[PDB]
Amino acid sequence: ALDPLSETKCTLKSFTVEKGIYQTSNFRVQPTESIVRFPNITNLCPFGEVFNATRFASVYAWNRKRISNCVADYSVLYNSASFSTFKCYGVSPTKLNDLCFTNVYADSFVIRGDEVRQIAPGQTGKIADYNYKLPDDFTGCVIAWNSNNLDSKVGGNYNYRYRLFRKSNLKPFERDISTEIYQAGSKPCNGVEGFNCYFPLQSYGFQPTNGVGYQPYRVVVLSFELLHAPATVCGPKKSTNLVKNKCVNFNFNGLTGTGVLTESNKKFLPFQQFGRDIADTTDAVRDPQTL
Amino acid sequence: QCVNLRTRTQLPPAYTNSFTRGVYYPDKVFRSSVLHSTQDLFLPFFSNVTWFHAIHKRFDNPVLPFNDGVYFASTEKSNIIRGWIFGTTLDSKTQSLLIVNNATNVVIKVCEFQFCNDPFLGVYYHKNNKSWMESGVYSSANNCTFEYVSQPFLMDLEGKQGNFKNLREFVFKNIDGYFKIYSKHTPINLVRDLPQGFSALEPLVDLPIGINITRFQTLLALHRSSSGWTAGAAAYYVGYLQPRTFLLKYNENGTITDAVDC
């Protein structure tokens with residue numbers, strides 16, 4: 028590796044060299060930069076809706092919004108700092124953008140501060156058992172935002188209620204809005220509560236003077252599903268500027284390679300994204316952003 | 021809901037030969053001045069295609085199979101064909117893919133449509149203040165995932181009869197859950213409702229549906245001035261895809277100009 032003459036002697040395996048021409052190596056231009064292009068991320072789902080909904084459903088009547096066929100930037104919520112608690116199971120919150128999912132649901136409801144501990148896999152309580160239960164294999168996410176300055180009312184917000192007693196425990200993601208009187212004894216309740224009978228639902232005491240444990244918390248549960256069906260929702264992909272006339276590594280929306288990109292005069296069709304040579308080799312591409 | 025067109029009589033399954041029709045771009049790849057082979061689902065040349073007629077009692081609207089994929093050659097004057105149905109049971113039991121054209125824009129939906137016995141997108145009092153707009157193809161639907169709308173368009177909903185000057189050919193294929201669609205529009209001179217010659221079909225929309233489809237049905241519109249409605253002149257065809265091998269002659273501008281069935 029000192030000089031080309033010495034590289035000759037190593038190839039020929041001779042300390043002496045005769046007159047002529049000898050091949051010794053293979054020159055190759057190493058890539059300098061790396062291009063990454065990906066089309067715009069328009070048509071985002073309104074994930075801010077459930078996080079900042081004008082009105083929330085009750086706990087026993089927990090609503091659900093489906094999220095699919097869109098790009099969902101999960102790092103916006105993580106870095107938004109508009110929440111009281113945030114915790115994801117199985118996958119970190121900053122890493123969800125690198126994943127694709129078949130279906131994602133948003134179960135929104137409001138609870139007290141101390142009741143947030145029950146929303147997690149393997150928990151039990153008034154909320155976990157009779158109102159809203161999660162499976163032990165829950166690998167979703169849970170976000171909580173204190174709404175004491177928003178949802179509390181003088182005398183308690185009676186529009187938000189929850190179940191205190193039930194004849195049996197709920198299942199994962201089960202919902203029940205029945206007003207059946209919880210029976211304990213053998214006698215019939217006759218539709219009214221009392222001795223060994225109790226109306227299971229009760230209203231919340233969300234007043235402006237509540238504490239950290241009793242104040243209202245706008246909670247949303249984000250469960251992710253990976254099924255046989257193809258992915259309908261994914262995170263956003265990064266992009267950069269467009270380099271030209273320089274050897275780089277290509278990473279387009281669905282293509283990879285290495286070569287010198289340069290303008291051309293080819294005429295693609297409107298629904299034609301990339302090209303091929305006579306030997307099925309790539310020789311031209313359309314930028315995902317600019318046509 | 022349950023009542024159907026009592027003035028409906030089914031014609032026998034006539035057949036005609038498809039000379040060189042039904043060739044589409046199997047991929048979004050550009051190729052210039054070459055001749056490439058490809059093994060995919062195509063319509064074999066000079067095959068038989070089921071003829072169908074939709075006019076007031078020669079009005080055909082049966083349920084066909086959709087095992088491998090089919091074709092349409094929709095040529096008409098009154099724009100009777102407004103959309104299609106695709107599904108296994110075509111009721112609330114299984115999911116069903118719905119495509120409709122309401123004379124202002126195309127709309128695609130996947131819901132548990134409990135379809136009627138004789139669904140149609142009709143219009144009534146088409147004499148004054150028509151405005152070219154729709155004026156109940158299913159009874160109920162719930163728990164559904166997909167919705168889509170493309171660019172708008174204007175359709176003529178007036179009752180007319182005569183010769184046709186337009187051919188709108190379509191293809192429908194299920195690609196590993198993706199419901200791919202191809203289409204083309206060209207002027208014609210009507211002969212037997214099956215114009216001839218070669219023309220390539222371009223991709224229109226890709227749809228991640230994921231439904232296991234086995235049947236389909238047309239939404240033939242009806243009009244009057246469901247049991248006693250009229251309909252203008254219209255006809256169409258139905259093909260059947262098969263796993264053939266084809267050559268594709270691309271020109272300089274990436275356009276396919278000829279083909280060969282191997």
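Those protein sequences? They're chains A and B, same order as listed. The opening position of the first sequence corresponds to residue 28 in this note's numbering, with each subsequent residue numbered one higher. The opening position of the second sequence corresponds to residue 21 in this note's numbering, with each subsequent residue numbered one higher. We put the beta carbon where it would ideally sit given N, CA and C, even for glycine.
(request) Starting from residue 199 of chain A, follow its DSSP beta bridges and name the residues at the other end. (result) A:160
(message) Quick check on the DSSP output: the beta strand (DSSP E) that includes residue 60 of chain A runs from which residue to which?
(response) 60–63
(request) Could you tell me whether any Cβ in chain B is nearer than 8 Å to the Cβ of residue 316 of chain A? (result) no
(request) Report the residue from B:203, B:259, B:276, B:223 whose alpha carbon sits nearest the alpha carbon of residue 267 of chain B. (result) B:276
(request) Just the chain B side, please: which residues come within less than 8 Å of residue 303 of chain A by C-beta, in chain order? (result) 49, 50, 51
(message) Please identify the residue among A:66, A:110, A:197, A:182 whose C-alpha is closest to the C-alpha of residue 267 of chain A.
(response) A:66
(message) Which residue wins for smallest C-alpha separation from residue 30 of chain B, given the options B:83, B:50, B:39?
(response) B:83
(message) Suppose contacts are defined by Cβ-Cβ distances below 8 Å. Is residue 128 of chain A in contact with residue 251 of chain A by that definition?
(response) yes
(request) Check whether the Cβ of residue 311 of chain A lies closer than 8 Å to any Cβ atom in chain B. (result) yes
(request) Just mark residue 181 of chain B as buried or exposed, buried being the case when its beta carbon has 16 or more other beta carbons within 10 Å. (result) exposed
(request) Would you mind stating whether residue 256 of chain B and residue 135 of chain B have Cβ atoms separated by less than 8 Å? (result) no
(request) Anything in chain B within Cβ reach of residue 95 of chain A, meaning under 7 Å, just list it in chain order. (result) 165
(request) Residues of the segment 160–187 of chain B with a CB closer than 9 Å to any CB of chain A: list them in chain order, please. (result) 165, 166, 167, 168
(request) Can you say whether residue 42 of chain A is buried or exposed, counting buried as having 16 or more other CB atoms within 10 angstroms of its CB? (result) exposed
(message) By alpha-carbon positions, which one of B:224, B:262, B:254, B:259 ends up nearest to residue 296 of chain A?
(response) B:224
(message) Can you check which of these residues, A:31, A:189, A:61, A:264, is closest to residue 316 of chain A by C-alpha distance?
(response) A:264
(request) Check the Cβ-Cβ distances between residue 296 of chain A and every residue of chain B, and say whether any is below 8 Å. (result) yes
(request) Buried or exposed for residue 232 of chain B, please, with buried defined as at least 16 other CB atoms from any protein chain shown within 10 angstroms of its CB. (result) exposed
(request) Taking residue 290 of chain A as part of the alpha helix (DSSP H), name the residues at either end of that continuous run. (result) Careful: residue 290 of chain A lies outside any alpha helix (DSSP H) and carries neither H nor E.
(message) Just checking: is the beta-carbon of residue 199 of chain A within a distance shorter than 8 Å of some beta-carbon in chain B?
(response) no
(request) Give the residues from the segment 242–267 of chain A that approach chain D closer than 7 Å (Cβ to any Cβ), ordered along the chain. (result) The structure shown contains no chain D; the protein chains it does contain are A and B.
(request) Just the chain A side, please: which residues come within less than 8 Å of residue 197 of chain B by C-beta, in chain order? (result) 256, 257
(request) Sort B:186, B:202, B:183 by Cα distance to residue 192 of chain B and report the nearest one. (result) B:202
(request) May I have the straight-line CA-CA distance separating residue 283 of chain A from residue 62 of chain A, to the nearest angstrom? (result) 10 Å
(message) Suppose you measure from the CA of residue 126 of chain A to the CA of residue 278 of chain B; what does that come to, to the nearest Å?
(response) 43 Å
(request) Starting from the beta carbon of residue 228 of chain B, find every residue of chain A whose beta carbon is closer than 7 Å, and list them in chain order. (result) 257, 259
(request) For residue 71 of chain B, write down the residues that DSSP places opposite it in a beta bridge. (result) B:257
(request) Name, going along the chain, the residues of the segment 209–222 of chain B whose beta-carbon falls closer than 7 Å to a beta-carbon of chain A. (result) 222
(request) Compare the C-alpha of residue 179 of chain A against each of A:92, A:64, A:137, A:305 and name the closest. (result) A:137
(message) If you follow the alpha helix (DSSP H) that residue 39 of chain A is in, where does it begin and where does it stop?
(response) 31–39
(message) Using a 10 Å radius around the Cβ and a threshold of 16 neighbouring Cβ atoms, would you call residue 305 of chain A buried or exposed?
(response) exposed
(message) I need the DSSP call for residue 148 of chain A, collapsed to helix, strand or coil.
(response) coil
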